[PDB]
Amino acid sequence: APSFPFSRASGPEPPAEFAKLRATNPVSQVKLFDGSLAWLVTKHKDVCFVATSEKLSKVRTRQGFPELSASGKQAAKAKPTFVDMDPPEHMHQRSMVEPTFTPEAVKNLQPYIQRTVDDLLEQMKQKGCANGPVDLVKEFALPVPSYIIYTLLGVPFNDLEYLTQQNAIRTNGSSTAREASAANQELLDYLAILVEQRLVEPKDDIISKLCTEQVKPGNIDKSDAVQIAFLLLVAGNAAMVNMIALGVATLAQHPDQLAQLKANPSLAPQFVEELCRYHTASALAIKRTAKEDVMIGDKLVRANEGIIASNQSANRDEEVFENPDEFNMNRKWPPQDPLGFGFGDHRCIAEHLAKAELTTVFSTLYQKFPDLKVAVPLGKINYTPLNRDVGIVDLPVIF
């Protein structure tokens, strides 16, 4: 059984194994870092099955849970938030914070999203690039999602810059373990103060709603509110930053599509759909154990065995997506959903918000900067480590 996670074939490419497995061994066992085994599912239909089957559990205290790193086992001991709950606990908690993320609520947030993007672009323009290229990640891909989720959560404007830097430190590959941990605990400490403040004087933010609607009635306690707020901050931010950077890189790699997008910013929704299919920035979240035996394709997954369903692989499944390794923003979409945001009950709470952030970025960035260029050869872009989720660390640009 091969060691999993697999390493990307190269900076921007999925691991090579998936294509071979889809063709020859679509449900197979892999070996995790601790020597334990897990079933790896690679076809779109089977990923959807795993995502929705009521015979499978996200509860990490079940033995056989496929923890992928030593730190993952550590984290499994803490009180779970809804990301790791099954029904009925899952929606009991997830519903406490869904209202901000509904399609309609996101539609009404569009002018706020646009303003945030515009303001960061204007700053970038005034900082300029007269002495040399600037880092698109630091100056734009990082602050856009960070500023939005922090503001939604209830952080005041003045504190965004420092807290954006510290949340980045948490996940920067360059951070030492100490630095990352300190930044983590620091964000938690910050959030705990905000919870105290909003319990005394609520404001129009997600933390206040937790406080008034859940803490004060005794449905959850203050610590729970902190953890839920924290989940919402850290679950998707690194993914968003990576999707923005990858989109810029992908457009540079496919100049005619950049040309099309500049000529018609109304193509941004379809560009984002293709981007979220092609670059599966969160590929390791659809994990389960079997509560009882379940058949998947030609395999029996027994009770207490772990399963990993690769939405990355699903998104490249030739049976669903014609010419799947072709980036094509004019793609003719099939009836089956791309799985960038997962599937089933646990499907990304923020899918609508993420897509709105990305659409706003890709309908504005090249209007503001029609001559934006990556300022290193595309071959030399600094991607995330090949054994981690796809992403970009920094991206020098000129404009």
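The first residue of the shown sequence is 1; numbering continues from there.
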* Higher average CA B factor in the deposited record is what I'm after, so tell me if that's 27 to 35 or 358 to 366. => 27 to 35
* **Mean C-alpha temperature factor, higher of 346 to 354 and 327 to 335** => 327 to 335
* Deposited CA B-factor, highest of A314, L246, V200, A283 -> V200
* Reading the B-factor column of the entry, which of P145, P111, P255, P87 has the highest value at its C-alpha atom? -> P255
* **Among modelled residues of the same chain, the CA temperature factor third for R302** => middle
* Structure fact -> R288: CA B-factor among chain residues, third -> lowest
* Ordered by C-alpha B-factor within the chain, which third holds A70? Give me lowest, middle or highest, please. => highest
* To do: Relative to the other modelled residues of the same chain, rank the CA B-factor of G128 and answer lowest, middle or highest third.
  => highest
* To do: Grab the CA temperature factor for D159 from the record and place it in the lowest, middle or highest third of its chain.
  => lowest
